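Down below is the structure, laid out as structure tokens.
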Number of protein chains: 2
Amino acid sequence: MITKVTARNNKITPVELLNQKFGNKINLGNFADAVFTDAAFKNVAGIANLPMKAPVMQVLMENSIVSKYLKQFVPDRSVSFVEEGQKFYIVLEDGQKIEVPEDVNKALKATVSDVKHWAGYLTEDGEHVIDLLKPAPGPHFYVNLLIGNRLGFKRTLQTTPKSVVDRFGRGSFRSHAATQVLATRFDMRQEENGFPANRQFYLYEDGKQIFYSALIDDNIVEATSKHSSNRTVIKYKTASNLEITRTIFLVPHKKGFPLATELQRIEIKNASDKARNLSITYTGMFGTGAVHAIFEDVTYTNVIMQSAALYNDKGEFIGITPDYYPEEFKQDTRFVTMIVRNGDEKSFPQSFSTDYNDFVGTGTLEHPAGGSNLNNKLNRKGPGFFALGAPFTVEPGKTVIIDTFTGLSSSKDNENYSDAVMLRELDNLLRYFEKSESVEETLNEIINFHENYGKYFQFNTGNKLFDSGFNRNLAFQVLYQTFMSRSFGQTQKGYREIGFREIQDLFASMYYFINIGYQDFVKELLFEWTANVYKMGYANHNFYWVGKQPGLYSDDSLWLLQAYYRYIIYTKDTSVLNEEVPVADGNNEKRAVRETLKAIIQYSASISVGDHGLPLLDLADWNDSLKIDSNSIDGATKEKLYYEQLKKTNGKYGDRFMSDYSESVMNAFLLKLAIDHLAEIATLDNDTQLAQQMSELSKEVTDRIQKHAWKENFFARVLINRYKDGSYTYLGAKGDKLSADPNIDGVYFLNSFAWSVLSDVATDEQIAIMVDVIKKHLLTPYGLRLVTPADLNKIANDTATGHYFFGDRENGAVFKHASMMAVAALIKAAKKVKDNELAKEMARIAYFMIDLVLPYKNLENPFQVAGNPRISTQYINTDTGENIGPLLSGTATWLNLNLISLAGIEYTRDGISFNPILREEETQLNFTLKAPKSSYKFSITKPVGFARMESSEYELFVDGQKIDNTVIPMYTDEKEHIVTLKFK
Amino acid sequence: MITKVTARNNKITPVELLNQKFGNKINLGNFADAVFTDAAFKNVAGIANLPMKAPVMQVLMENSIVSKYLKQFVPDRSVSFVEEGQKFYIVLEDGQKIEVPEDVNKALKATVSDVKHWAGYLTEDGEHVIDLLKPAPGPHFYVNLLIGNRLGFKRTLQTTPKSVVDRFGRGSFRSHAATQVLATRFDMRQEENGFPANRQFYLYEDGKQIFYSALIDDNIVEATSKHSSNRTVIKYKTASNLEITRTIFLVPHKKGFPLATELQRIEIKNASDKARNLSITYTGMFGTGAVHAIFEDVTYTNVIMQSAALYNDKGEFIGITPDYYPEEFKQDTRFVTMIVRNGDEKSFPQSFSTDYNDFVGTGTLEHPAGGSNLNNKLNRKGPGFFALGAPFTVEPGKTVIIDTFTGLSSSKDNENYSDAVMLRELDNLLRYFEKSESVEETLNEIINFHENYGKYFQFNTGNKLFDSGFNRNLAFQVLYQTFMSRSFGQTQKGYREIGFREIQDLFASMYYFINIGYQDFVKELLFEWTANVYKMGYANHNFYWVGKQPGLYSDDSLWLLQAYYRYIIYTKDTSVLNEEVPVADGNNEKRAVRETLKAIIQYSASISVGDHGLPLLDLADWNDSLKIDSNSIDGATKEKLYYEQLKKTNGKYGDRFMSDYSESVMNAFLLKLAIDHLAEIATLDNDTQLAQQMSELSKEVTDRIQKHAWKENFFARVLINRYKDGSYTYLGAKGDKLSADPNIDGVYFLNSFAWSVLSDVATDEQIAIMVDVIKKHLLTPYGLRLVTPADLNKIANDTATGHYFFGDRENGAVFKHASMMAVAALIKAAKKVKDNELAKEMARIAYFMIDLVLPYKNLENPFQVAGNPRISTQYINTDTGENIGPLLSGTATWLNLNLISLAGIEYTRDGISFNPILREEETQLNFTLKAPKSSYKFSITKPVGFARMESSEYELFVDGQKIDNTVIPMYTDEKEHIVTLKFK
Ligand SMILES: OC[C@H]1O[C@@H](O)[C@H](O)[C@@H](O)[C@@H]1O
Ligand SMILES: OC[C@H]1O[C@@H](O)[C@H](O)[C@@H](O)[C@@H]1O
Ligand SMILES: [Cl-]
Ligand SMILES: [Cl-]
Ligand SMILES: [Cl-]
Ligand SMILES: [Cl-]
């Protein structure tokens with residue numbers, strides 16, 4: 001009877017039908033747009049020859065003139081618009097070509113004129129300028145991320161404030177952990193991160209509303225938003241010639257300040273020739289401290305608090321704080337306050353409301369009935385809605401400035417905490433910002449801090465979109481992720497702690513922090529992770545104020561050797577090996593870093609190993625969904641069993657934990673890398689015993705992998721040991737019998753390839769075979785997939801590949817973080833393999849993939865690829881090409897590593913191993929590099945074509961002296977050194 | 001420096017300041033209103049002599065004319081409006097009385113004219129007629145609750161659909177458990193139960209929006225909502241003379257229908273003299289199946305689904321369904337469809353949208369830019385927003401009807417489930433409702449079902465608000481709560497299973513179900529609860545599809561004897577005792593009901609007892625927050641330990657579980673009552689051994705309580721056993737040392753009193769002493785509070801007094817359910833105690849408390865007491881008098897029991913023990929009563945004053961024959977019997 005047609009099953013798209021019905025009567029061009037005219041999809045209305053894909057028919061439909069005109073034909077007749085000369089026609093299926101009326105021609109030309117920039121544009125400095133009326137490519141595209149600065153203060157990692165801001169200023173604002181200052185929204189749409197009133201305000205004249213910051217109507221003649229590094233600026237011009245500017249940023253910490261403050265400055269310039277008697281009403285919604293009760297008991301969230309008013313020394317009202325009854329919700333104290341600056345005079349708000357129902361009344365939030373006449377009623381209940389009102393007269397050509405301060409004080413930074421601490425910190429804050437210029441100076445301080453932070457590595461290529469994208473935007477995103485891990489963005493809203501393995505973010509940012517004098521902060525981060533390693537070598541999978549999930553995941557500890565290796569090789573500071581750091585086991589016990597790093601390797605190399613001497617997989621490793629072993633155990637369960645095994649069998653600590661559990665080949669590669677890392681560390685430490693021991697275990701573990709993990713045409717991913725008859729014995733190479741694609745023999749994991757190379761196990765020949773498999777079955781038009789189809793239920797209890805349509809996340813997406821780890825491999829191999837044609841090919845795939853993740857390139861075809869042109873996104877949908885959030889991802893970290901690696905920079909014990917791999921079409925690459933006691937200017941020139949040191953003639957000069965050593969010293973003479981490389 | 005003033009600490013209110021500054025320059029009357037003019041609260045603007053408390057100043061400030069006028073004085077000068085003649089003046093502090101201008105006078109008169117009805121009014125049938133522009137007393141006041149009907153179908157309890165509807169039709173709609181059809185909202189405001197688009201629609205004319213169902217602007221000239229029994233009707237008149245009616249109800253189940261369907265009929269009458277070419281766009285938001293991911297991973301909720309279109313036999317589009325990839329979210333299938341009826345023409349929607357961003361575009365939800373021209377694009381992602389569009393021309397005087405059907409099919413009612421089952425059931429539904437009159441006939445069926453249901457008991461007094469409030473509205477709410485327990489309302493939105501102790505709701509509704517032929521349904525509910533009792537006698541604290549929390553709470557099982565007692569005594573159907581029913585222990589074991597009820601009594605009377613032979617408290621009993629014992633155990637942990645105590649001490653089953661755990665005096669009363677119930681059941685069963693056994697255990701248990709729980713002043717609540725030196729030994733009477741009020745010796749729990757009486761333990765003298773304590777320390781101006789202040793830190797410390805401002809929930813509220821259990825005791829004692837003055841006072845307190853909970857009386861002073869005039873609410877705030885939600889509460893169940901008890905009806909073995917307690921001021925009471933094979937008309941007459949059978953002269957007549965036996969037979973002659981009682 002009734003039939004069902006899904007979005008994906010729908011037989012034909014609008015543009016396909018448009019091409020069918022008009023393609024050989026008019027030139028539809030490279031891009032067109034169309035909509036079905038009816039719910040049965042039989043006819044289309046379309047428009048030919050657009051500069052790019054864009055929702056033009058949608059905007060045309062919003063236009064009363066074009067809309068009414070089209071009804072003379074649609075829905076019963078298909079039509080296409082077409083421009084010839086500079087005049088528009090409408091074409092029918094019967095060949096008629098009708099010059100459209102002038103008012104329609106004008107509307108159509110006005111609509112298509114700037115389609116090329118409908119998703120905004122980037123400034124030379126990489127700032128995203130956004131039209132507030134234009135449609136969004138996706139829910140992450142128009143988003144900026146803000147962060148405070150707790151460097152030099154306690155618990156910098158856990159207490160740095162962070163904010164989400166879209167083009168309209170919507171979003172929310174957090175202090176420590178997931179503590180909400182302004183309310184987050186957890187509702188149906190990705191686009192809604194915050195309660196809708198947050199950061200918004202209204203203007204009134206003669207009692208009538210003339211402006212709302214989140215409503216663009218006919219009385220708004222210009223409205224743009226600019227997302228820059230750590231601030232957002234939003235500008236409006238009214239038809240009445242008011243010029244309104246909003247600037248939003250987080251206050252860097254200063255002693256005595258609240259733990260979190262977000263400043264929004266509102267500038268109102270009267271660009272007309274008559275004074276205007278105006279008022280502002282500034283609104284927002286405090287987050288609840290009782291976040292779980294939003295789901296479980298909303299009435300609880302309301303009755304546990306009340307509104308309270310704040311008054312300065314002179315008895316003047318300054319703002320609002322939400323007052324809580326339960327002690328657990330009185331350890332943070334929120335506030336909002338406003339200063340109105342009008343020539344000489346400063347004033348505080350004259351009125352307030354705290355009841356959303358009294359505020360909106362019979363109206364809407366966009367048009368609130370009580371917005372002009374606030375009732376000065378303190379709500380006995382929550383929620384913590386606030387409205388602050390103040391009148392001002394602004395003379396012709398003059399500007400009034402309204403500075404708002406919203407934030408939170410906390411016990412997390414203050415002993416003997418009470419709301420009295422907040423009142424003192426708020427006073428400190430308001431006195432600091434008493435003078436108008438203090439706001440501008442603080443913004444400039446933020447700008448300069450990030451400008452100086454990025455000087456560690458600066459491309460200068462004349463592609464300013466690339467230069468700014470890397471030098472500024474990617475540098476900021478890796479800083480942001482060092483503090484925030486994956487815990488807070490537009491759609492990352494729930495209680496994420498800090499994953500042990502996101503120590504990865506520090507792999508890239510440590511060099512930046514060291515080169516602005518914060519080496520000690522990097523050590524504090526290392527020691528903090530070190531303190532989440534247990535005595536036996538496994539690690540808490542997660543930690544925030546406290547660590548948890550002991551040895552739950554098998555890869556965690558091994559990543560820390562990469563962090564220590566990076567730090568020790570760059571700094572040559574071996575002292576950290578002697579630091580006494582808490583063991584995660586507690587009871588006030590500390591272990592020297594050296595012995596915890598020796599323990600980490602012993603856990604994965606000797607204890608928690610399987611039948612082949614490879615590290616056990618346990619619940620899973622880096623790959624969230626390799627739950628192969630249904631009866632896994634974490635490291636504390638394994639510890640108690642391991643010790644009773646040793647007494648059962650009379651064994652010795654260090655013996656293999658006997659089991660039939662599966663093994664992770666990826667952990668084997670991580671371990672092998674770890675062991676080489678420790679050997680190099682000990683060498684620099686002149687620890688002769690440890691360097692010999694590791695150098696020898698490295699050879700052993702490599703033997704193990706080569707012998708037991710190379711499987712025909714790939715390094716396998718997992719070795720299976722529970723089937724003594726041989727039913728299944730590996731996964732991740734031809735012949736594993738586990739594929740789920742008829743045309744594919746075997747399952748192939750991109751990371752088996754990547755980590756076999758990054759750990760320096762795979763031979764040139766094994767690289768060639770795996771790259772061929774990659775080209776055939778993992779390389780898509782949208783990049784490198786994480787894995788090929790597998791049917792893992794053949795050995796385990798499902799709940800993995802069963803959740804997503806093809807193209808999303810685990811059902812075959814391009815996971816950009818994994819794609820970047822693979823690029824890191826391709827780049828490492830391209831520098832070293834003997835076969836220059838293999839190297840050329842791998843460098844081609846590297847740059848192909850980098851081009852598909854570079855955020856600024858999202859503006860080339862934004863309504864198809866979406867993403868965000870300043871901030872990385874997690875994955876690409878391989879069905880559509882859409883870059884899909886979230887906005888925090890190891891993609892950014894490894895992209896940074898990879899581009900610096902391709903520029904030729906690798907730090908080794910003896911200095912900088914210089915080996916750049918330029919693009920074939922490039923003929924020069926210039927960049928600057930800071931070091932702690934020197935700097936460098938690098939210049940590389942080459943003919944068009946593939947050039948690399950391994951296989952191309954070259955001359956290398958350092959400070960004008962041709963040299964042969966391609967390891968450039970790490971200079972300490974506080975001079976700039978000129979490095980020139982010339983390929984023939 | 002900075003000071004803080006909380007809502008509660010604010011020294012003076014606006015009206016108090018108005019009276020200070022004006023009360024003896026003008027007569028302010030019994031009610032006035034005022035607002036502070038500034039954020040420092042130094043001046044007020046107010047208005048004198050209102051008919052009741054109301055937010056008049058708020059509405060006056062929304063009025064351009066009056067607010068402009070007021071600025072001549074405010075903020076600097078206080079002012080009060082006052083009416084003399086039919087003319088207004090404004091009065092200043094200096095004495096000036098200024099006749100306000102005519103346009104101000106007109107606005108003021110228009111504003112105050114109908115303040116008396118600003119919160120709406122009740123029809124003679126108890127329906128709440130509501131003005132859509134007037135302010136709300138609170139977030140529960142303008143709410144209706146809807147329910148389907150699964151009687152005669154499987155798993156009626158678990159599958160009956162339910163909806164929440166406010167005056168604008170906002171809210172949400174669920175199927176089984178917490179499965180959402182239309183999306184719930186979990187956000188900051190109690191007022192927001194649902195996604196804002198739910199149930200709303202737009203009208204267009206010539207491409208322009210002319211109407212949105214959730215926006216009242218100047219083009220709306222009339223807008224009212226009527227909440228009735230199981231439907232809501234909303235009416236609007238436009239300035240252009242369109243008359244729009246929305247009718248919302250749930251479809252009662254018919255074989256082959258979807259498990260849940262909500263019908264909204266939209267009638268559009270053209271009351272003008274010109275035809276109008278209109279279109280409708282009907283919108284909503286499907287709930288996600290991935291509810292937890294709204295908080296954890298909103299992007300997941302989006303990518304796991306896509307929109308899909310539905311087409312009928314002729315290839316015509318009929319609506320939308322959200323299509324899910326994961327199997328776990330494919331076991332329910334949602335739909336929305338619409339039929340447009342225009343004369344004899346029927347049509348289906350011509351267009352649709354499924355992307356909220358394309359729909360709203362540059363506009364707002366109230367004014368969407370894409371709402372007229374839907375794009376017919378199936379969204380590849382969620383969320384499941386939908387817009388369905390259809391054009392229609394309506395001639396002068398004609399009506400177009402648009403019928404919408406929104407719902408869900410489910411595996412819960414269908415084997416071999418897939419979306420093909422939904423398509424068949426949707427076809428069945430649409431065929432059933434193909435004729436226009438089918439919708440009206442189904443509504444009439446619903447109306448008649450509830451009319452017939454309520455016939456069990458019908459008051460016929462002078463007072464139609466009381467009569468409809470009881471006969472219709474309270475009857476409906478007890479029906480609603482029998483299915484829904486406490487699981488779904490305006491602010492009850494999260495996953496609640498059915499509490500074992502909510503079997504209470506059946507205590508009242510069973511009689512109603514039996515008298516419409518659904519005795520078997522009552523037995524099914526009884527058997528279902530019986531199946532959640534374990535062999536040992538404890539119960540799963542909770543159950544929905546399966547039971548859980550075995551013996552976690554100590555009182556649970558005991559309530560079931562009250563349910564069985566009520567059923568067996570009313571029906572005389574002892575057969576239920578012989579039913580073989582699953583034991584919650586599982587395997588495949590069943591036990592006869594008789595033995596599970598003997599087991600329940602044995603658990604609390606012999607096994608799980610403390611040092612005094614009283615039932616152990618365990619984690620808690622009925623009172624959620626008596627976590628006295630921090631090392632408690634549930635009944636399965638106790639069972640495992642009990643048996644190993646038996647083996648290690650040679651004991652026998654039935655011996656006491658040895659411990660120092662605390663004992664619950666409330667459970668003792670529940671057990672004593674349980675035992676009497678069972679003894680009485682066995683008597684009716686002619687089971688001679690069981691009747692003797694229980695009669696004897698009852699004397700024992702009563703001895704136990706009297707000996708060990710009467711504590712000079714009161715029956716204690718808890719007996720404490722862990723302090724063998726006597727530090728603390730009881731809680732709940734004078735001398736327990738646990739008070740936290742300086743002026744109160746002891747802690748007094750209202751339920752100690754209530755259950756000492758309902759179990760028939762307390763002597764006349766103990767009642768007198770306890771009522772005196774109640775009058776002095778538990779009776780407030782807003783009713784009977786649950787308990788007096790206690791400092792339980794002295795023996796444990798924790799919560800409740802930790803969480804709430806004084807007046808709310810556990811910090812001293814009038815918990816209306818507990819207040820009603822106390823009224824049940826007062827009524828029972830008033831009928832029986834020898835002292836007529838004690839009976840008189842207890843009946844006075846009873847009626848005082850009933851008057852504070854009767855919903856219709858919430859309209860006497862609604863802006864102070866709020867609540868809901870048709871549905872009970874949970875508690876009264878003792879600070880303000882506000883009735884605060886939620887809307888589902890044992891208040892409704894026990895209010896029903898109490899008013900029937902006061903009318904004189906108690907069912908006993910031998911019939912109807914008739915003993916009414918009228919109000920002193922009443923001179924007659926008339927009511928009708930149905931029985932399964934007879935009916936009765938009762939008429940009671942008395943002089944003004946206190947009259948009761950125990951102490952007043954009376955003559956009783958039954959069918960014209962004076963009689964002395966006050967136990968009326970339970971007649972079975974299928975005749976109407978006349979019962980007359982005349983007090984002298
Ligand atoms: O592929 C899985 C990866 O993506 C996301 O689940 C997390 O943010 C990463 O920590 C993880 O490594
Ligand atoms: O006092 C506690 C009572 O109130 C609410 O928590 C629940 O709805 C009831 O089941 C409970 O008995
Ligand atoms: Cl992997
Ligand atoms: Cl994000
Ligand atoms: Cl509710
Ligand atoms: Cl109690």
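In the structure tokens, chains take letters A, B, ... by order of appearance, with residues numbered from 1 within each chain and ligands from 1 in the order shown.
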Could you give me the residues within 9 Å of ligand 2, counting only C-alpha atoms and all ligand atoms, as a PDB file with N, CA and C atoms, in the first residue's frame?
ATOM      1  N   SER B 485       1.873   6.537  36.547  1.00  0.00           N
ATOM      2  CA  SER B 485       2.538   6.737  37.826  1.00  0.00           C
ATOM      3  C   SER B 485       2.966   8.184  37.950  1.00  0.00           C
ATOM      4  N   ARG B 486       4.274   8.420  38.054  1.00  0.00           N
ATOM      5  CA  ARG B 486       4.863   9.739  38.213  1.00  0.00           C
ATOM      6  C   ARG B 486       5.854  10.003  37.083  1.00  0.00           C
ATOM      7  N   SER B 487       5.559   9.504  35.893  1.00  0.00           N
ATOM      8  CA  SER B 487       6.577   9.373  34.874  1.00  0.00           C
ATOM      9  C   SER B 487       6.496  10.383  33.743  1.00  0.00           C
ATOM     10  N   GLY B 499       7.081   2.795  40.134  1.00  0.00           N
ATOM     11  CA  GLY B 499       7.503   2.443  41.474  1.00  0.00           C
ATOM     12  C   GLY B 499       6.572   1.412  42.081  1.00  0.00           C
ATOM     13  N   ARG B 501       5.637   1.188  45.027  1.00  0.00           N
ATOM     14  CA  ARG B 501       4.699   1.853  45.932  1.00  0.00           C
ATOM     15  C   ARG B 501       3.750   2.823  45.224  1.00  0.00           C
ATOM     16  N   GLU B 502       3.832   2.974  43.907  1.00  0.00           N
ATOM     17  CA  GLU B 502       2.773   3.698  43.218  1.00  0.00           C
ATOM     18  C   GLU B 502       1.554   2.815  42.940  1.00  0.00           C
ATOM     19  N   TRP B 622       9.136   4.529  52.912  1.00  0.00           N
ATOM     20  CA  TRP B 622       8.413   5.462  52.042  1.00  0.00           C
ATOM     21  C   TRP B 622       9.093   6.811  51.959  1.00  0.00           C
ATOM     22  N   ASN B 623       9.741   7.234  53.037  1.00  0.00           N
ATOM     23  CA  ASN B 623      10.296   8.579  53.116  1.00  0.00           C
ATOM     24  C   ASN B 623      11.689   8.552  52.497  1.00  0.00           C
ATOM     25  N   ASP B 624      11.814   9.191  51.325  1.00  0.00           N
ATOM     26  CA  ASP B 624      12.974   9.026  50.467  1.00  0.00           C
ATOM     27  C   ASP B 624      14.261   9.332  51.210  1.00  0.00           C
ATOM     28  N   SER B 625      14.211  10.219  52.201  1.00  0.00           N
ATOM     29  CA  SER B 625      15.429  10.823  52.725  1.00  0.00           C
ATOM     30  C   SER B 625      15.704  10.470  54.187  1.00  0.00           C
ATOM     31  N   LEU B 786       5.348  17.995  56.448  1.00  0.00           N
ATOM     32  CA  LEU B 786       5.721  16.591  56.525  1.00  0.00           C
ATOM     33  C   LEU B 786       6.419  16.259  57.839  1.00  0.00           C
ATOM     34  N   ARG B 809       9.923  21.545  49.047  1.00  0.00           N
ATOM     35  CA  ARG B 809      10.137  20.097  49.131  1.00  0.00           C
ATOM     36  C   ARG B 809      10.441  19.746  50.581  1.00  0.00           C
ATOM     37  N   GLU B 810      11.678  19.319  50.871  1.00  0.00           N
ATOM     38  CA  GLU B 810      12.025  18.688  52.137  1.00  0.00           C
ATOM     39  C   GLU B 810      12.372  19.678  53.243  1.00  0.00           C
ATOM     40  N   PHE B 815       3.991  18.824  51.846  1.00  0.00           N
ATOM     41  CA  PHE B 815       3.944  17.746  50.870  1.00  0.00           C
ATOM     42  C   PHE B 815       2.509  17.263  50.792  1.00  0.00           C
ATOM     43  N   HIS B 817       0.761  14.988  49.264  1.00  0.00           N
ATOM     44  CA  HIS B 817       0.446  13.571  49.369  1.00  0.00           C
ATOM     45  C   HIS B 817       0.461  13.121  50.821  1.00  0.00           C
ATOM     46  N   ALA B 818       1.544  13.443  51.532  1.00  0.00           N
ATOM     47  CA  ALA B 818       1.593  13.194  52.979  1.00  0.00           C
ATOM     48  C   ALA B 818       0.455  13.911  53.709  1.00  0.00           C
ATOM     49  N   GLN B 874       2.235  18.867  43.470  1.00  0.00           N
ATOM     50  CA  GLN B 874       2.878  18.033  44.487  1.00  0.00           C
ATOM     51  C   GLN B 874       2.979  18.690  45.853  1.00  0.00           C
ATOM     52  N   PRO B 886       5.598  18.795  40.497  1.00  0.00           N
ATOM     53  CA  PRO B 886       4.856  18.321  39.299  1.00  0.00           C
ATOM     54  C   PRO B 886       3.375  18.089  39.484  1.00  0.00           C
ATOM     55  N   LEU B 888       1.713  15.177  38.729  1.00  0.00           N
ATOM     56  CA  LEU B 888       1.316  13.823  39.065  1.00  0.00           C
ATOM     57  C   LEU B 888       1.745  13.622  40.513  1.00  0.00           C
ATOM     58  N   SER B 889       0.824  13.145  41.336  1.00  0.00           N
ATOM     59  CA  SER B 889       1.127  13.040  42.755  1.00  0.00           C
ATOM     60  C   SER B 889       0.081  12.192  43.466  1.00  0.00           C
ATOM     61  N   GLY B 890       0.532  11.479  44.502  1.00  0.00           N
ATOM     62  CA  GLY B 890      -0.412  10.776  45.351  1.00  0.00           C
ATOM     63  C   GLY B 890      -1.424  11.668  46.000  1.00  0.00           C
TER      64      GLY B 890
END
All strand (DSSP E or B) residues (DSSP, backbone) inside range 76-284 of chain A, as a count of residues only:
96
Residues up to 12 Å from ligand 5, counting only C-alpha atoms and all ligand atoms: could you list those as a ChimeraX atom specification?
/A:297-299 /B:138-145,163-166,171,190-193,481,484-494,867-868,871-875,884-889
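Between CA of residue 226 in chain B and CA of residue 128 in chain B there is a distance of 5.4 Å.
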Please identify every polymer residue within 10 Å of ligand 3, using only C-alpha atoms and all ligand atoms, and present the set as a ChimeraX atom specification.
/A:621-626,664-666,717-718,732,748-755,786-787,818
Convert the current residue selection to file output with N, CA and C atoms, as a compact mmCIF listing (two decimals), in the first residue's frame.
# COMPACT_ATOMS: atom_id res chain seq x y z
N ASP A 621 42.69 -0.62 21.75
CA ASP A 621 43.89 0.21 21.76
C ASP A 621 43.44 1.57 21.23
N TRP A 622 44.30 2.29 20.49
CA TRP A 622 43.89 3.59 19.97
C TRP A 622 42.56 3.54 19.25
N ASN A 623 42.25 2.41 18.62
CA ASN A 623 41.07 2.33 17.76
C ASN A 623 39.87 1.97 18.62
N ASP A 624 38.97 2.96 18.79
CA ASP A 624 37.90 2.89 19.76
C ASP A 624 37.07 1.61 19.63
N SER A 625 37.03 1.01 18.44
CA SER A 625 36.06 -0.06 18.20
C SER A 625 36.66 -1.43 17.88
N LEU A 626 37.92 -1.67 18.23
CA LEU A 626 38.48 -3.03 18.16
C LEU A 626 38.22 -3.85 19.44
N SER A 664 47.80 -6.51 19.82
CA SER A 664 47.69 -5.32 18.96
C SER A 664 49.00 -5.11 18.21
N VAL A 665 48.95 -5.21 16.88
CA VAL A 665 50.13 -4.88 16.09
C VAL A 665 50.41 -3.39 16.19
N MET A 666 49.37 -2.57 16.29
CA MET A 666 49.63 -1.14 16.43
C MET A 666 50.37 -0.83 17.73
N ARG A 717 46.73 -5.97 11.77
CA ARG A 717 46.33 -5.08 12.84
C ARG A 717 46.24 -5.77 14.19
N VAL A 718 45.70 -6.98 14.21
CA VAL A 718 45.45 -7.77 15.41
C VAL A 718 45.92 -9.19 15.12
N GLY A 732 43.69 -7.91 9.40
CA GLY A 732 44.38 -6.76 8.88
C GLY A 732 45.35 -7.05 7.75
N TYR A 748 42.16 -4.05 5.71
CA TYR A 748 43.35 -3.21 5.71
C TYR A 748 43.07 -2.00 6.58
N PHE A 749 43.92 -1.79 7.57
CA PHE A 749 43.80 -0.67 8.48
C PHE A 749 44.85 0.34 8.10
N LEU A 750 44.43 1.58 7.81
CA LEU A 750 45.39 2.63 7.50
C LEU A 750 46.50 2.72 8.55
N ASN A 751 46.16 2.53 9.84
CA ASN A 751 47.16 2.67 10.91
C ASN A 751 48.18 1.52 10.98
N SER A 752 47.85 0.31 10.49
CA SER A 752 48.88 -0.71 10.35
C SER A 752 50.00 -0.21 9.47
N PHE A 753 49.63 0.43 8.36
CA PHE A 753 50.65 1.00 7.51
C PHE A 753 51.37 2.13 8.22
N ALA A 754 50.62 3.10 8.75
CA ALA A 754 51.25 4.32 9.26
C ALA A 754 52.27 4.02 10.35
N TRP A 755 51.89 3.20 11.34
CA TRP A 755 52.73 2.96 12.50
C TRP A 755 53.83 1.93 12.23
N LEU A 786 39.98 5.05 6.99
CA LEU A 786 40.63 4.46 8.15
C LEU A 786 40.82 2.95 7.96
N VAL A 787 39.86 2.30 7.30
CA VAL A 787 39.88 0.85 7.18
C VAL A 787 38.91 0.47 6.09
N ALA A 818 43.53 10.02 11.66
CA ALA A 818 44.19 8.85 11.08
C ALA A 818 44.82 9.19 9.73
Looking only at alpha helix (DSSP H) from DSSP on the backbone, list the matching residues of range 543-764 of chain B as a PyMOL selection string.
chain B and resi 556-571+593-602+635-649+665-684+688-709+750-758+764
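The smallest atom-to-atom distance between ligand 1 and any of B:734, B:204, B:637, B:300, using only C-alpha atoms and all ligand atoms, is found for B:300.
The interatomic distance for the pair CA of residue 23 in chain A and CA of residue 45 in chain A works out to 13.4 Å.
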Just how far from CA of residue 549 in chain B is CA of residue 414 in chain B, in Å to one decimal?
29.0 Å
